[PDB]
Amino acid sequence: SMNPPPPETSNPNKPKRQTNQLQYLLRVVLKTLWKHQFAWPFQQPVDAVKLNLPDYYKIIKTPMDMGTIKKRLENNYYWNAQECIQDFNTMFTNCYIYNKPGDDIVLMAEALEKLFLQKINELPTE
Ligand SMILES: Cc1cc2ccnc(N[C@@H]3CCNC[C@H]3OCC3CCCCC3)c2[nH]c1=O
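Residues numbered from 1 in each chain as written, not as in the entry; some residues may be left out. Heavy atoms only, no water.

The deposited coordinates, according to the entry record, derive from X-ray crystallography at 1.72 Å resolution.

Printed below as a string of structure tokens:
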């Protein structure tokens, strides 16, 4: 049992809300990053068993990925946009911590982050 349980994508006790900013995050931000050519390694939790990365979850204690973010948006898990923005940042940060600088996966994350920040810059008013 080397993979941890994935991050939660629903919770009956966590208050839920539908807002235009959260809709924008799903329909524009996530959608754009999801279909990008570099998205696929970030589309699901890092599978340390299948990818043979035994030390991944020894190093990364706050895992996050776009598959989880997608589910959280679809399930109305978030109350606000900043929670979601934080999750994207966690995903990128993890990549920059675990992998050495100049690694292709880091360059991929950087391209996705650049695109992400552009779309967040264009976030609609509530
Ligand atoms: C999110 C994520 C996924 C991932 C998958 C596989 N391997 C990773 N780390 C490796 C560490 C050793 N150097 C090579 C790295 O993987 C190579 C990339 C090349 C581009 C396509 C994906 C695998 C991963 N690290 C992660 O942070």
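**Considerations on helix α3 (residues 66-74)**
Within α3, the full set of buried residues consists of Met66, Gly67, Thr68, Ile69, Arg72 and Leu73. Buried positions along α3 lie against α1 (20-34) and α4 (81-98). Here α3 starts with a cap whose side-chain oxygen sits 2.9 Å from the backbone nitrogen of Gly67, and that cap is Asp65. Where α3 terminates, the next one or two residues include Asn76, which has phi positive at roughly 60°. (Buried < 20%, exposed > 50% of the residue type's maximum accessible area, 1.4 Å probe, protein only. Helix = DSSP H or I, 4+ residues; strand = E, 2+ residues; numbered from the N terminus. Contact = heavy atoms within 4.5 Å. Polar contact = N/O pair within 3.5 Å; in protein donor to acceptor, adjacent residues only side chain to side chain.)

**Some details on the site of the ligand**
In the vicinity of the ligand, the contacting residues are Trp40, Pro41, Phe42, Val46, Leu51, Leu53, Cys95, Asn99, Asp103, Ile105 and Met108. A distance of 2.8 Å is found between an oxygen atom of the ligand and a side-chain nitrogen or oxygen belonging to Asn99. A distance of 3.5 Å separates a nitrogen atom of the ligand from a polar side-chain atom of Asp103. A total of 550 Å² of accessible area belongs to the ligand in isolation, and the protein chains cover 69% of it. (Near = heavy atom within 4 Å. Areas by Shrake-Rupley, 256 points an atom, 1.4 Å probe, with all protein chains shown as cover.)

**A closer look at the pattern of salt bridges**
Inspection of the entire model under this criterion finds 4 salt bridges. A salt bridge links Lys70 to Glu74; the shortest N-O distance between them is 2.7 Å. Of this pair, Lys70 and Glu74 both sit in helix α3, 4 residues apart, roughly one helical turn. With a relative accessible area of 25%, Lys70 lands in the partly exposed category. Of the charged contacts, one joins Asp87 and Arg72 as a salt bridge, the two residues approaching to 2.7 Å between their closest N and O atoms. Residue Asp87 is found in helix α4, and its partner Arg72 is found in helix α3; the two are separated by 15 residues along the sequence. (Salt bridge = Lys/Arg side-chain N within 4 Å of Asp/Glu carboxyl O.)

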